[PDB]
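Worksheet: one structure, shown below.
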Amino acid sequence: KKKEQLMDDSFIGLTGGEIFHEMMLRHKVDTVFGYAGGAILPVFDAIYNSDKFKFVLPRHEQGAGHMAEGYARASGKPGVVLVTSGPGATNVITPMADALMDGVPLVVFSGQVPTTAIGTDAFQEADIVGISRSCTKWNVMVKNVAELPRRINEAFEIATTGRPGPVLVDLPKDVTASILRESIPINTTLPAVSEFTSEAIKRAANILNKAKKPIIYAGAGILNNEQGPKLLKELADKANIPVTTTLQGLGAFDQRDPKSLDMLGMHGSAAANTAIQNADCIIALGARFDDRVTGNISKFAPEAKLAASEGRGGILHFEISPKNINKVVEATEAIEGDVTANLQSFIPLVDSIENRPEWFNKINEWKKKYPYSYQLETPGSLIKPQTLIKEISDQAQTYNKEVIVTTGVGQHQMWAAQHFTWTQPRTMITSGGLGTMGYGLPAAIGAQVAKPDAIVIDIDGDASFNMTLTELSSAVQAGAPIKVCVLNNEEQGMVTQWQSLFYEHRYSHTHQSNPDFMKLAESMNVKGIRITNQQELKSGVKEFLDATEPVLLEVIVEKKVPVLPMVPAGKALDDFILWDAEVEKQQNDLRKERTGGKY
Amino acid sequence: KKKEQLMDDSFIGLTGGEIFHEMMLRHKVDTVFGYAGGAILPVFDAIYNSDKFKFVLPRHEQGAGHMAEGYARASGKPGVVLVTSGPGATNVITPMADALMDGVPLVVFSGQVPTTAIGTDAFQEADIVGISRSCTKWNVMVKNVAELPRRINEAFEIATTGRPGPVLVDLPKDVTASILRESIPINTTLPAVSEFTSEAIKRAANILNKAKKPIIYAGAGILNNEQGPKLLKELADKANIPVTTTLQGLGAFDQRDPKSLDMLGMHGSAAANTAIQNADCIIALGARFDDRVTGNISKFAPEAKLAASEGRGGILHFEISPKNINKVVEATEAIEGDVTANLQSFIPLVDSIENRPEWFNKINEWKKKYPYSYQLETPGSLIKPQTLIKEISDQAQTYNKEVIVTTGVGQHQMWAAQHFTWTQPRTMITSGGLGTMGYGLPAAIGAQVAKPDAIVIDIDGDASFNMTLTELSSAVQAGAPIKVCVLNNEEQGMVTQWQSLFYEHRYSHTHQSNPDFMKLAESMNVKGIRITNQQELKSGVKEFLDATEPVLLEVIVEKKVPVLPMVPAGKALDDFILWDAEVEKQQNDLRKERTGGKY
Amino acid sequence: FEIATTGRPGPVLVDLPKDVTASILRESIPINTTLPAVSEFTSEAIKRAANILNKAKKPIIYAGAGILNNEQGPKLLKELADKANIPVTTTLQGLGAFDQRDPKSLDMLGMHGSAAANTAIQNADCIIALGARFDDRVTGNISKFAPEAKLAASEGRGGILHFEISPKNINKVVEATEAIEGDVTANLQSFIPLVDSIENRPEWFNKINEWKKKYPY
Ligand SMILES: Cc1cc2nc3c(=O)[nH]c(=O)nc-3n(C[C@H](O)[C@H](O)[C@H](O)COP(=O)(O)OP(=O)(O)OC[C@H]3O[C@@H](n4cnc5c(N)ncnc54)[C@H](O)[C@@H]3O)c2cc1C
Ligand SMILES: Cc1cc2nc3c(=O)[nH]c(=O)nc-3n(C[C@H](O)[C@H](O)[C@H](O)COP(=O)(O)OP(=O)(O)OC[C@H]3O[C@@H](n4cnc5c(N)ncnc54)[C@H](O)[C@@H]3O)c2cc1C
Ligand SMILES: Cc1cc2nc3c(=O)[nH]c(=O)nc-3n(C[C@H](O)[C@H](O)[C@H](O)COP(=O)(O)OP(=O)(O)OC[C@H]3O[C@@H](n4cnc5c(N)ncnc54)[C@H](O)[C@@H]3O)c2cc1C
Ligand SMILES: CCOC(=O)c1ccccc1S(=O)(=O)NC(=O)Nc1nc(I)cc(OC)n1
Ligand SMILES: CCOC(=O)c1ccccc1S(=O)(=O)NC(=O)Nc1nc(I)cc(OC)n1
Ligand SMILES: C/C(NCc1cnc(C)nc1N)=C(/S)CCOP(=O)([O-])OP(=O)([O-])O
Ligand SMILES: C/C(NCc1cnc(C)nc1N)=C(/S)CCOP(=O)([O-])OP(=O)([O-])O
Ligand SMILES: [K+]
Ligand SMILES: [K+]
Ligand SMILES: [Mg+2]
Ligand SMILES: [Mg+2]
């Protein structure tokens, strides 16, 4: 009788595919990104004409994967991928690796050959559990239909807890075709703070209450709770602390606030970099001390390390994954768990501070000294890429709509980060840890599906865009009115920047040929706009943002322009290269000479 | 003094990148397919403006991978890939899995973050040695520059010996930037039959000399020696044996020869399938008894199994990889090693046979009974895809040039296999084991680079072509005048065929939207031709083949047409579905009714 | 415990970090976690297997450790051997599954098994393999193993009937004429009623008895 209460008969008579369909509904999945094939047909048959979720069909499964990532990042829900065996599955490996590195909850369901064929080098058989082991938090192959609901629950749970990340569930065709004939545990059919941590929070507060030069270093983890940005602001306001963010934390703090130091790191603000190198207390909120951020690790945060040794400061690391505590830099206090929940406990213990005259005097001087400067347009010159980004940023904020930005990877990505003004959470959707070129367009489609009333802008490089441009058709078929801006410098700019700097202007295979982007747009049934000169910039960007359909904007921009500031490999975070007009002129002359006028 | 003779100083003072360059030259590499990035820059700097090999730049590293596969398959040389760390490397996983399943010698060099950063979740770091372990024969991470020449030799050796296949060599940036300061073993700077096998060959010959109903089942392994097709023909002629081939063995035997039974298997000739089910001796030459070929394994080759039990026949398996001997079916005699070398020993022991009247009477009757029939065009109907393939096959054989065919994956692939007449080795370049949609275009570019004087035709499906169509730009930039024919049925035809047959015409997500292929071609700077009706077929195909530049031909073809014959899952090889005009009419009516006239 | 004891039984390991076993449970957990029919495909295979055995003139049971994994296993093995009048050999790991004092006992087969058992399996037209995995200590030269049963399978009058719980070990070494997947004892309950009772097999047991006399240890 109690047994009857704990077992469930309600799935008996359903196929594995039908059970999958029901479990999607129970997990409140409203969107699936995927692509059919022989091994996964029993599942596709079950979801045939389903009105329970939207299905989004890409042109390539890598597209499905990055779409699901963009969806997850925009929505805070897991991105669900459904693909076939063999090459359907191996085509999702880059998106899984990408999702792992950026903490994106991706739940990948891959068809598999029947259990009777596994291990025989069967038709369309890949060892996807073996291949994806290193780029997933967890994966599994389902071996019978009775365990399918359990494995689906486990996948969603692992994907969305701790540091979020990708999981894969392998679905043999005979399992999804088979019918459940037995009852299963009813729990499988449904989806306080430690004293140790409480004490660490108290000690952390006592340390911050001594600090004379505090700084908040905030990252993606603060975005994983709806109240995160609110509590970050409450802390910064209460204790009067300047705030810098990573690339992935952009939008966590209102950059219009005077306490904003903007982005730190290799291409972040020299003010932010100076401040963290001089701070006596660093409050690290959901950020992992990535090697793009720390500069030379041995030279990182010297004032905070000194303060820790003298018992008057240090690094206070609020981190959900023990793996990333004390991985790169020693935390003075490690506060384990969800940063937003732990901030609720922390802030009441923190003393309110009215002013910090000497510290904010330095902060304000550094901000004034270190803007994102660059060489402006001159008469007859091409549009500068930095100017283009400012133009899009300024005009997009006109509309009464949320604005979400995705990017490719390269210089355009860095100029997007620098020159947009970031004010809202989950509005920067960019591949940071893995750095996957081609991410921008499919991620924008996923973000647009997640947020159908948002303006979604893909700031893309021409080489990045070439990687995955076939997905323009997918945007049209999905009814996703994304706005793609290709910064066309006819080069892999990020790489040519390094070849200019370190390889004496030897541009080895870094200039790919581009298609005609306007005829390409036309072939894909998307609106095309081309801006070729300075006098077309404002009106072309307006036309781009006013469009109510998918649109591709191509902008011809200045070539061989470096992203600055730059902390070169090996250098301390405050040992940066700054923009200088005269240096840029000399560098142009040198490049011209070295390449016999070719570049 | 002997020590001096065995050590080599000649690489001292070179960077790892320069050593890589030199080892490419020593391995007679004439083409590298690749794409730059930060981790692999020291190697790109070393190969800057090299006149030692052609470098081919794709738009996506998956493209580089399939290009190298097409190159390897066309040339018989290893295909060399050079990519960066992180997503550059993970993007080559599908081509590696593809190459593993089809026995393609692929040598993949991936940049990696410096050894000082490995294992730190570094910028653009993937565990590519872990990820690629299951889809390579072998892989390695080079840990110091002194071992780089050795690891390069090992890679090429493993890739090209035994059953050929993919290998990966991971190249940390600090290793390729570092300079060799010490001498290294000189052997590292440079690139009889067993009595057991001799006895097996003698026993095999005695078995064949008893056979009354022999058949040769020949596959890809016969293509791995230049003399393979010659010795296959010598055996078939001498002992008077009919010859069937796999998909991957097409071209190994001249299909114009009366002894040709054409392709066997799931969609192969019902004559070939009948013959192998009735043969008393099966000579398996470089073929692996794939599950697309055997049909229901327990019901496969019953006459040969009977003959083996009665000591008058059986299966004689000439196979280079012990893993694939007795993996699927028991060999009566296993002859291990290179099939062509072992045929040189075998054929002299085999008795010449003038005629086999009763057997060839059956063979000839079966060939007459079982052509590749289909429903012909009717007035006003669309072009039938089978007719299109015959047209291309007939016209291509006009030219005084070698003709190499690549394909995508799906019905078009099967109709290409059936309806071309295959006569020369290494002219069918198709993804068979993994079955990767998107293969056709990049494989054609690689094949065209391998064979610059050949006509190279990609017979492609519209969904397959959408996967990787960005590589059209690559064909232009590489100067590869490939000929792409898109069979446009506006459907994933292979999958809709299964949904029609097994899922009552429920077409779940199997109709992707297509771009305008003519405007697409124009945007890519490639010539475009569109055939929309029967009266344009001959002249449009002529224009396509006459072109002396890259060209995309789109042909509008009949939709919802099944590939026949077909051996359904679970059925014996001789339990096939054959084309029947009346059945096709009923099936059309049923489809129309079920879908309310939509399909 | 579930994985260790189901399918083919085997070892499992659970690693217990010291801070986990020292830590105290502070939250509720799903109550299910606090507590420890035959397919039509298999039903059809059992029927075909019975029809094959009902044709056999020289059957032999090759029984192994799997028959010991159900308390009723040896009982059903004996019921089958008695009903259809079949001599029984066992592996090393199946010793004790059959009463070796029974005249139908051929003793152990294999590398160091009885030459009577080895002769009988090489001459049998139907081999009923009950919970045994065709180990390389048992089969001898695999290509030369069971030639009369292979011949019979090809002629549609015998073969190898493999009752096996682990799909990995079906068709791993030797091709089964019929594979009967699942617990051998449960499947024997279904099989035996379909099997014809046989009073005598004079010519076969004449050979069996001569071989036993000829080949003592
Ligand atoms: C060309 C290029 C240049 C780049 N240059 C820069 C640069 O100059 N500056 C820069 O900042 N980035 C740069 N990056 C990005 C960089 O590589 C990293 O992706 C980024 O810095 C990581 O930011 P993050 O630590 O906030 O996010 P993540 O990498 O996602 O790390 C988040 C951390 O927070 C933890 N966490 C997650 N959820 C929670 C939670 N609920 N509670 C507590 N903790 C949680 C995670 O476990 C993790 O340790 C660049 C990328 C590219 C492609
Ligand atoms: C949609 C679709 C349908 C298909 N249907 C069919 C079909 O109907 N018929 C068909 O044939 N295929 C079909 N295939 C292809 C099938 O999946 C396999 O790829 C193909 O049958 C393998 O052919 P193979 O054994 O000759 O080549 P491989 O898979 O390359 O196997 C070659 C064998 O020869 C060995 N070998 C290699 N080199 C040597 C050497 N030097 N000496 C000796 N041995 C060597 C290898 O080790 C290996 O065991 C289909 C594919 C797709 C995508
Ligand atoms: C020196 C030496 C010499 C040896 N020589 C011999 C010899 O001459 N003869 C000999 O027999 N052995 C010999 N062996 C032993 C041999 O190596 C194997 O261990 C033995 O033959 C395996 O017997 P088995 O197949 O019955 O048991 P196992 O290896 O346990 O195989 C049992 C099979 O039954 C299956 N099974 C398990 N439970 C069930 C169930 N409930 N229902 C259905 N199937 C089930 C299993 O999955 C498995 O496939 C020797 C060992 C040594 C050390
Ligand atoms: C592709 C998925 O392959 C398998 O899962 C499979 C693999 C090995 C053995 C048996 C099978 S299967 O029989 O279960 N299914 C099957 O072959 N399906 C199928 N679907 C289509 I669409 C096409 C096609 O052949 C061109 N085959
Ligand atoms: C991308 C390759 O990254 C590394 O190999 C690396 C990884 C971790 C730590 C240190 C290094 S590295 O210092 O050796 N090289 C480096 O950072 N190169 C680089 N190249 C470009 I082009 C851009 C860029 O940043 C945008 N960084
Ligand atoms: C090749 C490369 N990086 C290496 C690389 C290679 N391959 C992949 C899939 N991803 C990356 N990051 C870059 S950043 C060039 C980007 O060029 P772009 O997209 O035209 O952008 P931009 O010119 O603004 O630097
Ligand atoms: C989806 C699919 N197969 C599953 C699949 C999914 N994804 C990949 C990367 N490869 C494969 N093989 C096929 S065959 C449809 C092919 O459609 P097509 O290229 O238009 O060819 P055709 O219509 O001639 O069958
Ligand atoms: K900014
Ligand atoms: K043909
Ligand atoms: Mg660019
Ligand atoms: Mg199609």
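Coordinate-derived values only; no laboratory data. Cβ coordinates were reconstructed from backbone atoms using ideal geometry, including for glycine residues, and neighbour counts include every protein chain displayed.
The alpha carbons of region A:183-249 occupy a box of 63, 32, 17 Å along the principal axes, longest dimension given first. Averaging over all projection directions, the Cα-based convex hull of the protein assembly as shown occupies 59.8 nm² in the image plane. Could you compute how fast region B:218-294 diffuses translationally, taking Rh as the Kirkwood radius over C-alpha pairs and applying Stokes-Einstein at 25 °C with viscosity 0.890 mPa s? Give it in µm² per second. Reported coefficient: 199 µm²/s.
Estimated purely from DSSP H runs of n ≥ 4, each contributing -39500 (n - 2.57), the mean residue ellipticity at 222 nm for chain A is -11000 deg cm²/dmol once divided by its residues.
Could you tell me the distance between the Cα centroids of region A:1-64 and region B:207-281, to the nearest Å? After rounding, the separation between the Cα centres reads 45 Å. Amide H contacts of A:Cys485: A:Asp458, A:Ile459, A:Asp460, A:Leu553, each under 5 Å away and 5 or more positions distant or on a separate chain (H built 1.01 Å from N in the peptide plane; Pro and chain starts excluded). Sorting the Cα pairs of region B:84-161 by distance into bins of 5 Å, from 0 upward, gives 3, 15, 25, 25, 20, 9, 3, 0 percent per bin. Largest first, the extents of the alpha carbon coordinates of region B:161-283 on the three principal axes equal 67, 38, 22 Å.
Working value for region B:192-371: equivalent-ellipsoid semi-axes of 22, 17, 17 Å, each the square root of 5 times a Cα gyration tensor eigenvalue, largest first. Apply the a/c threshold of 1.5 to the C-alpha gyration tensor of region C:60-126 and tell me whether it is rounded, prolate or oblate. The shape class here is oblate.
Placing unit charges on the Cβ atoms of the charged side chains and taking the dipole of region B:372-599 about its Cα centre, the candidate lying farthest along the positive direction among B:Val557, B:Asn514, B:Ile457 is B:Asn514. Of the residues B:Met428, A:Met96, the one with the fewest other Cβ atoms within 10 Å heads the list, and the complete ranking is B:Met428, A:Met96. Converting phi to 3J(HN,Hα) with the Karplus coefficients 6.51, -1.76 and 1.60 and the offset θ = phi - 60°, region A:83-99 yields 9, 8, 6, x, x, x, 6, 5, 5, 9, 5, 4, x, 5, 4, 4, 4 Hz in sequence order, with x at every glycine or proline. As a proxy for reagent exposure, B:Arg203, A:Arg591 were ordered by neighbouring Cβ count within 10 angstrom, fewest first; the result is B:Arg203, A:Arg591.
With θ taken as phi - 60° and the Karplus curve 6.51 cos²θ - 1.76 cosθ + 1.60 applied, the whole-hertz 3J(HN,Hα) list for region B:100-117 is 4, 5, 9, x, 9, x, 10, 10, 9, 9, 10, x, 9, 4, x, 3, 5, 10 Hz, x standing for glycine and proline. With contacts taken as Cα pairs under 8 Å at a separation of at least 6 residues, region A:1-191 carries a relative contact order of 29 percent.
Only the Cβ atoms of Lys and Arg (+1) and of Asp and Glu (-1) were treated as charged; on that basis the dipole of the protein assembly as shown about its Cα centre amounts to roughly 1500 debye. Over all alpha-carbon pairs in region B:498-568, figure out the percentage whose distance exceeds 13 Å. In whole percent, the share of Cα-Cα pairs in region B:498-568 beyond 13 Å is 74.
The charge dipole of region A:75-175, taken about its Cα centre with unit charges on the Cβ atoms of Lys, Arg (+1), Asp and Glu (-1) only, comes to about 260 debye. The Rg/Rh ratio for chain C, using Cα coordinates for both the radius of gyration and the Kirkwood hydrodynamic radius, is 1.09. Around the amide H of A:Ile577, modelled in the peptide plane, lie the amide H atoms of A:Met566, A:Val567, all under 5 Å away and 5 or more residues distant in sequence or on another chain. Cα gyration tensor of region A:376-494, axes a ≥ b ≥ c as square roots of the eigenvalues: rounded (a/c below 1.5), prolate (a/b > b/c) or oblate? Oblate, since a/c reaches 1.5 and b/c is not below a/b. In terms of its Cα atoms, chain A spans 77, 63, 46 Å along the principal axes, sorted from long to short.
Close amide H pairs (under 5 Å, H built 1.01 Å from N) link A:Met7 with A:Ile186, residues at least 5 positions away or on another chain. Leaving out same-chain residues fewer than 8 places away, which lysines sit with a Cα under 16 Å from that of B:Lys210? Reachable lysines: B:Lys202, B:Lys238, B:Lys305. Using θ = phi - 60° and the Karplus curve 6.51 cos²θ - 1.76 cosθ + 1.60, what whole-Hz ³J(HN,Hα) does each residue of region B:451-459 get, with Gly and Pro shown as x? Coupling constants for region B:451-459: 10, x, 8, 8, 7, 10, 10, 9, 7 Hz. Along its three principal directions, the equivalent ellipsoid of region A:372-599 from the Cα gyration tensor extends over semi-axes of 29, 19, 17 Å, largest first.
Sorting B:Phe33, B:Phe156, B:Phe502 from the fewest to the most surrounding beta carbons within 10 angstrom yields B:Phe502, B:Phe156, B:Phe33.
The trypsin sites (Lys or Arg not before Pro) found in region B:211-254 that occupy coil by DSSP, while having at most 15 further C-beta atoms within 10 Å, are B:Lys212. In this structure, A:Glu402 and B:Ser381 have a Cβ-Cβ separation that, at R0 = 51 Å, corresponds to a calculated FRET efficiency of about 0.50. Only the Cβ atoms of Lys and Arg (+1) and of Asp and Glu (-1) were treated as charged; on that basis the dipole of region A:372-599 about its Cα centre amounts to roughly 160 debye.
The alpha-carbon of A:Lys451 sits under 26 angstrom from the alpha-carbons of these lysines, leaving out residues fewer than 8 places away in its chain: A:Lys28, A:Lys52, A:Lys54, A:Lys77, A:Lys230, A:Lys233, A:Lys390, A:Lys401, A:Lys483, A:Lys527, A:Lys542. Among the chymotrypsin sites (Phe, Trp or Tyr not before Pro) in region B:327-399, those located in a DSSP loop and surrounded by at most 15 other Cβ atoms within 10 Å of their own Cβ are B:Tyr399.
Computed over the alpha-carbon pairs of region B:1-124, the distance histogram in 5 Å steps reads 2, 11, 19, 20, 18, 13, 9, 5, 2, 1, 0 percent, short to long. Across peptide B:123-136, the mean count of Cβ atoms from other chains lying within 10 Å of each residue's own Cβ comes to 6.
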